[PDB]
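Visitor: Here the protein sequences come in this chain order: A, B, C, D, E, F, G, H, I and J.
Just so you know, the first sequence maps onto residues 52 to 89 in UniProt numbering.
Just so you know, the second sequence maps onto residues 283 to 481, 485 to 522 in UniProt numbering.
Just so you know, the third sequence maps onto residues 283 to 330 in UniProt numbering.
Just so you know, the fourth sequence maps onto residues 380 to 427 in UniProt numbering.
Just so you know, the fifth sequence maps onto residues 186 to 234 in UniProt numbering.
Just so you know, the sixth sequence maps onto residues 2 to 136 in UniProt numbering.
Just so you know, the seventh sequence maps onto residues 2 to 136 in UniProt numbering.
Just so you know, the eighth sequence maps onto residues 2 to 136 in UniProt numbering.
Just so you know, the ninth sequence maps onto residues 2 to 136 in UniProt numbering.
Just so you know, the tenth sequence maps onto residues 2 to 136 in UniProt numbering.
Quick reminder that beta carbons are idealized off the backbone N, C-alpha and C, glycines included.
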Amino acid sequence: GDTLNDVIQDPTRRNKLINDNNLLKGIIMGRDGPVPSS
Amino acid sequence: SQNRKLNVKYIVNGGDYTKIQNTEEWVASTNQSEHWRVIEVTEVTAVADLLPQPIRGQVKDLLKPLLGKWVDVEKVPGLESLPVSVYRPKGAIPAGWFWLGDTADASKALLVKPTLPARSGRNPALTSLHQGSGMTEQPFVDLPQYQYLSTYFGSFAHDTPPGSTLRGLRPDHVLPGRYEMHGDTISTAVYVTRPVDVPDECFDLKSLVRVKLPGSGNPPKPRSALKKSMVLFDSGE
Amino acid sequence: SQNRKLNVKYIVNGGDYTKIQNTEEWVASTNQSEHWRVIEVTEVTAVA
Amino acid sequence: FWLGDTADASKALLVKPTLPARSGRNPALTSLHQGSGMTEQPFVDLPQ
Amino acid sequence: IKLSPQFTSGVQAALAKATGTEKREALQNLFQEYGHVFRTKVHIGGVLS
Amino acid sequence: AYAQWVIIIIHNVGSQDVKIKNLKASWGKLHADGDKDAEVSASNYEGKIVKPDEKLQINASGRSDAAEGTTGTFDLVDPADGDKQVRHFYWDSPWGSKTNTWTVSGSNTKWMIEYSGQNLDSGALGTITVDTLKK
Amino acid sequence: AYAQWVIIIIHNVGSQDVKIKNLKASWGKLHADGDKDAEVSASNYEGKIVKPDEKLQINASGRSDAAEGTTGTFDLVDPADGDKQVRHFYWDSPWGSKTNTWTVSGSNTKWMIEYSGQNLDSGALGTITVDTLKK
Amino acid sequence: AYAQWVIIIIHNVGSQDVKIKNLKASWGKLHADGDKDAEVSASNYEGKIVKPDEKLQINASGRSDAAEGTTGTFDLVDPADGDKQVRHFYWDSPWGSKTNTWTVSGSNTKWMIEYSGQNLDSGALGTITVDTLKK
Amino acid sequence: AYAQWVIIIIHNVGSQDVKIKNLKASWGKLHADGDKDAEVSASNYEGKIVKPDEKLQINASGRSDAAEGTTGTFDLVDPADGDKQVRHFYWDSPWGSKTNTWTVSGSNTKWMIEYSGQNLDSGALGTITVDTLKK
Amino acid sequence: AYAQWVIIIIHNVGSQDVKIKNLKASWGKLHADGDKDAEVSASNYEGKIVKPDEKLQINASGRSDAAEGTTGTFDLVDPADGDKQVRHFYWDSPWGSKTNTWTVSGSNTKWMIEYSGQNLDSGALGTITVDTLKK
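Here you go:
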């Protein structure tokens, strides 16, 4: 029964969570809609 | 005669997306860390807000689509039957600038100018107005969803001043306002649009909107005020 | 004329939340420490 | 500001907000406006 | 949150342009490439509809 | 006939004086409260000021057992601006017709006037209550 | 007959609910406001709650050209006190007898009831406003 | 008879919706514009919402060669205020009596109603344009 | 007969002056507003200028209880270009026919003219409203 | 009778579609070109779209040896403007009365309609070409 605490305490899992969710990247509010920035 | 239409849609966001059609297996997979995703956002910060203050103020100022200038006004002669005087920009609009409509404000009027040139894939902040197709002397927006803040008291001239410089605004530039009726009778009833007060502020331009337009096929009655956050004053430009 | 409306809601707080639709398995999982959660608060103190 | 008419012949209460107006904050005080129709009584600018 | 050095350098270069219109266009490009908003509170989990 | 009757209650729901003027019954007679036999002249009401938060009652009725209704008019006038008209009220409860008339004409944007309780279908004109309010 | 009619306007000036009960028109018929032809049933008012500042109108009159008048009874009761009776109201506008009758009975002491506008000499009973308040 | 006819053009000059209710032709018949033969039902207009700047036409006239005239009633009500009545309209173009009748009643104060074009001396009632606006 | 009547309302929906000329009723008579007995000569309207944003009404009707309709013509003429014709209007509400005539002939590309409210089936010619606008 | 006949050739000279609606032959019968015996139904033309540069022919005539003439109506409407009416066409070639009738009504201003070829003195109505164009 792991939670976000177990993910955040592990650098590999924490960085996987950060990367797979684009948490370091902003959002482009284009006229066609919001898209994550690369 | 008989008709039947069936539409089914599944959406998954997080969990094992390969189990979208098997609800039990997706629920079983919701405890796996490798599939956790962002399911809602409760706070969003403008990227410019992340900058240090001296740079932040400059960036905020430079992102404003419109410049602003306060100009003198002149009462438009005629229109003696109306309960409120109608005012228009005094003199000619300076080159590159534009005006926004007729106002009851006898002190000043607002002139605006775009800050960004026209480019492909960019919606301009301002739009030109054209004479109506039929039974209407009122201007019409060249682009679909744009708006203008006042009705025209006179004949809208597409190609000559002051009608040549009247412009409409992108919808994100305006917020709904509140009317203020004048005149005892519908034949002489004019609204003085005023900003809706809030704790996103809008200009108190006191734009004039005649409720009963004599013609037919008239455009929708303007109900909006211009946002203060979209206009840059004292820019030195 | 005929109308029918059905509304079903399940809520889980503690235990194995992946067994929300299987009452027997959630009841079986209630003895696992890793899933114990706060199910009510009987005293709250102002932070000040 | 003041809060209304009172039978107290000794004193009345005046209040003043301590926090300025800010985005996302409900003010402690609201302005009152003249009634729309058939009423000389004030009405609250904010709903509740 | 510390801004990435590349974004800060982009902002500085945009503000270093000679004329106001060049600054505005450089800023438009920068925010088209980097985004206009950043998510500062996010909820993690899974939702099926 | 006494079957044709009307009660007009002027009720000041505001805080400014209102005056009654030009009260005149062309048909029928003004009478006392609850007493259709005690005729009263129009001088009892003409020129009177209905102070705010109190009511003034005008009772009109046709001649006793006659073939005559009751028809009349009056002005409500604001004394604060040189006795200008607020509204002109006309009532008609005829004996030889079914349609009673209750007309409130005139224009004064500084005053708001409501009225209720009238009956125009058939019979008497009823008890019309008129709430007056200066904005 | 339509010449005999009554309107009852219950006005809850107080701050607590009052309930109508046992409404019964023994003679004539109830009807919708302004339309004596549009008969209504007593169930449309039975058990109704008059909230504070709310007004409820009950219109009764004789039937179509019949020699009957109108007669009815009802009760105001307190929903917050186990439906304890507040007042008992009886109205009668007979077609034969000239005199009408409007009677309010009861002894509830934590309530104030004030009725006005009835006519008892001849003709229809008229419009009666009944202001209700709980102490 | 077709000699007695009426056209009512409701024009919502204001900026908020107005609803028709209780439309009823007690005499004669409604019909489609330009065709007195093409009878239409009251349900085609009952409950209709007249959006701002929209115009709604109601055409009524007597039946085929019958000695009847035409007569009807309806209500304008405010959909945004719990269907509170704005106005009550009554029209009558009788075949026997020469004089016509067009009556507008009500006391809604947050609305302005202006009707014009009616004929009351003799012949058909004519065309009546009713401009409606909400304050 | 008075049953044959027409009202012509010239309404300037533009911002330029328009003049009425050559107004002539060959059959019937011009009369006052709401008064078919008060005959008025064509000189009251001929040469008049309908200022923008106001209406001018011309009332025509047949001789009292006669076997004669009302037939007439007028020109609307722009005074800004030496009184050239805008449009020529002809109306005919006969007594011994069903088909009323309302003809707007002439050509002027600088002016746009709309009209509504006429009835050509049978009976009176009605209230025709004509909106004029110089482009 | 076949001696009374009419041909209508709608020619969409413009560049946008025009739709036929409400086609109705109240007298006589429609038929295929060149064959008055080959009767056709109104549904063969109802709702049809006349594309630009397209020509559509409608042939009507009296029945077999009957004393009837022919009479009919239809509408041109704009499919691109919510079926807004462009024009209303009425044709009548009576067998008894010598004079024919071809009437075009309507006030659509963004359209030009030009009809030519009709005969109104005596005999059949003839062939009428109606050129339609949208501004």
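Counting pairs of beta carbons, one from the segment 12-20 of chain G and one from the segment 81-92 of chain G, are three or more of them closer than 8 Å?
Guide: The segment 12-20 of chain G is in contact with the segment 81-92 of chain G.
Visitor: Whose C-beta lies closer than 8 Å to the C-beta of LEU517 of chain B among residues of the same chain, with five residues either side of it excluded?
Guide: Excluding residues within five positions, the ones whose Cβ falls inside 8 Å are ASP343, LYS346, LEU348, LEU349, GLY350, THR397.
Visitor: I want to see whether chain D comes within less than 8 Å of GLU115 of chain F, judged by CB atoms only; does it?
Guide: Taking Cβ atoms only, chain D reaches closer than 8 Å to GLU115 of chain F, which makes this a yes.
Visitor: Beta-carbon separation of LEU31 of chain I and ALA4 of chain I under 8 Å?
Guide: Contact flag unset, no.
Visitor: Measure the alpha-carbon distance for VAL329 of chain B versus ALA198 of chain E and round it to whole angstroms.
Guide: Approximately 17 Å between the Cα atoms of the pair.
Visitor: Would the beta-carbon of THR72 of chain G fall within 8 Å of that of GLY118 of chain F?
Guide: No. Outside cutoff.
Visitor: In angstroms, rounded to a whole number, what distance separates the CA positions of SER410 of chain B and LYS76 of chain A?
Guide: Looking at the two C-alpha atoms, the distance is approximately 38 Å.
Visitor: So what does DSSP say about residue 484 of chain B, is it helix, strand or coil?
Guide: Missing from the coordinates: residue 484 of chain B, inside the break in chain B from 481 to 485.
Visitor: Taking 8 Å as the threshold, find out whether the segment 8-16 of chain H comes into contact with the segment 487-499 of chain B through three or more Cβ pairs.
Guide: Because the criterion of three Cβ pairs below 8 Å is met, the segment 8-16 of chain H and the segment 487-499 of chain B touch.
Visitor: Thinking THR470 of chain B and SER363 of chain B are a contact (beta carbons under 8 Å), I'd like their distance in whole angstroms, please.
Guide: Going by Cβ atoms, the distance from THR470 of chain B to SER363 of chain B rounds to 6 Å, so yes, they are a contact pair.
Visitor: Identify which residue in I:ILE10, I:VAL105, I:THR110 has its Cα closest to the Cα of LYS56 of chain I.
Guide: Here the closest residue by C-alpha is I:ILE10.
Visitor: According to a CB-to-CB cut-off of less than 7 Å, which residues of the segment 98-111 of chain J neighbour chain I?
Guide: Cβ contacts with chain I come from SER108, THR110.
Visitor: Please list the partners that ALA4 of chain I has in chain H, where partner means a Cβ-to-Cβ separation under 9 Å.
Guide: Under the 9 Å cutoff, chain H gives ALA4, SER123, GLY124, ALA125.
Visitor: Determine which residues share a DSSP beta bridge with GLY97 of chain H and list them.
Guide: The partner list for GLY97 of chain H (beta bridge, DSSP) is empty, contrary to what the question assumes.
Visitor: Does the beta carbon of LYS497 of chain B come closer than 8 Å to any beta carbon on chain H?
Guide: Cβ-Cβ to chain H under 8 Å: yes for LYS497 of chain B.
Visitor: Indicate the three-state DSSP secondary structure (helix, strand or coil) for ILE337 of chain B in the structure shown.
Guide: Helix, per DSSP.
Visitor: Using a Cβ-Cβ cutoff of less than 6 Å, which residues in the same chain neighbour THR102 of chain I once the five nearest sequence positions on both sides are dropped?
Guide: The answer, listed in chain order, is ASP93.
Visitor: When Cβ atoms are compared, which residues of the segment 198-223 of chain E fall closer than 9 Å to chain M?
Guide: In the structure shown, chain M does not exist; the protein chains are A, B, C, D, E, F, G, H, I and J.
Visitor: Just to confirm, are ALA125 of chain H and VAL41 of chain H a CB contact at a threshold of 8 Å?
Guide: No, they are not a contact pair.
Visitor: Take every Cβ of the segment 316-326 of chain C, pair it with every Cβ of the segment 288-304 of chain C, and state whether three or more of those distances are shorter than 8 Å.
Guide: Contact holds: three or more Cβ-Cβ distances are below 8 Å.
Visitor: Closer than 7 Å by C-beta to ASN405 of chain B: which residues in its own chain qualify, once you throw out the five before and the five after it? Chain order, please.
Guide: Counting only Cβ-Cβ distances below 7 Å, and skipping sequence neighbours, we find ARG452.
Visitor: Please say whether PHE75 of chain H and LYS135 of chain H have beta carbons closer to each other than 8 Å?
Guide: Taking 8 Å as the Cβ cut-off, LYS135 of chain H and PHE75 of chain H do not qualify as a contacting pair.
Visitor: Determine, for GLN284 of chain C, whether the minimum Cβ-Cβ distance to residues of chain B falls below 8 Å.
Guide: Cβ-Cβ to chain B under 8 Å: no for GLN284 of chain C.
Visitor: Assign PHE438 of chain B to one of three DSSP states: helix, strand, or coil.
Guide: If DSSP states are grouped into helix, strand and coil, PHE438 of chain B belongs with coil.
Visitor: Where does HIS412 of chain B fall in DSSP's three states?
Guide: Reduced to three states, the DSSP call for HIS412 of chain B is strand.
Visitor: Closer than 8 Å, CB to CB, is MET417 of chain B near chain H or not?
Guide: Judged by the 8 Å Cβ criterion, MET417 of chain B is not in contact with chain H.
Visitor: With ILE114 of chain G and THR133 of chain G assumed to form a contact (beta carbons below 8 Å), what rounded beta-carbon distance in angstroms separates them?
Guide: Contact flag correct, Cβ pair sits at about 6 Å.
Visitor: Under 8 Å, Cβ to Cβ, is there at least one residue of chain C near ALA391 of chain B?
Guide: No, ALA391 of chain B lies away from the interface with chain C (no Cβ there is under 8 Å from its Cβ).
Visitor: Which runs of the beta strand (DSSP E) spanning at least 3 residues fall entirely within the segment 418-472 of chain B, listed in chain order?
Guide: Counting only runs of 3 or more, we get 421-423, 449-451.
Visitor: DSSP on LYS187 of chain E, reduced to helix/strand/coil?
Guide: Of the three classes helix, strand and coil, the one that applies to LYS187 of chain E here is coil, per DSSP.
Visitor: How would you call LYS491 of chain B, buried or exposed, if buried means at least 16 neighbouring beta carbons within 10 angstroms?
Guide: Buried: at least 16 other Cβ atoms inside 10 Å.
Visitor: Identify the contact partners of residue 239 of chain E in chain B, using a Cβ-Cβ distance below 7 Å as the criterion.
Guide: As shown, chain E starts at 186 and ends at 234. That puts residue 239 of chain E outside it, with no answer to give.
Visitor: I need the straight-line Cα distance from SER44 of chain G to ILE59 of chain G, nearest angstrom please.
Guide: For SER44 of chain G and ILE59 of chain G, the distance between alpha carbons rounds to 12 Å.
Visitor: Please report the straight-line C-alpha distance between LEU382 of chain D and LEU68 of chain A, rounded to a whole angstrom.
Guide: About 54 Å.
Visitor: Find the nearest neighbour of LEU121 of chain I within the set H:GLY35, H:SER27, H:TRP28, H:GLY29, judged by alpha-carbon distance.
Guide: Ranking H:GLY35, H:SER27, H:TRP28, H:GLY29 by Cα distance to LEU121 of chain I puts H:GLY35 first.
Visitor: Which residues of chain B have a Cβ atom closer than 9 Å to the Cβ of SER234 of chain E, listed in chain order?
Guide: Those within 9 Å of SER234 of chain E in chain B are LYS291, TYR292, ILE293, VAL294, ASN295.
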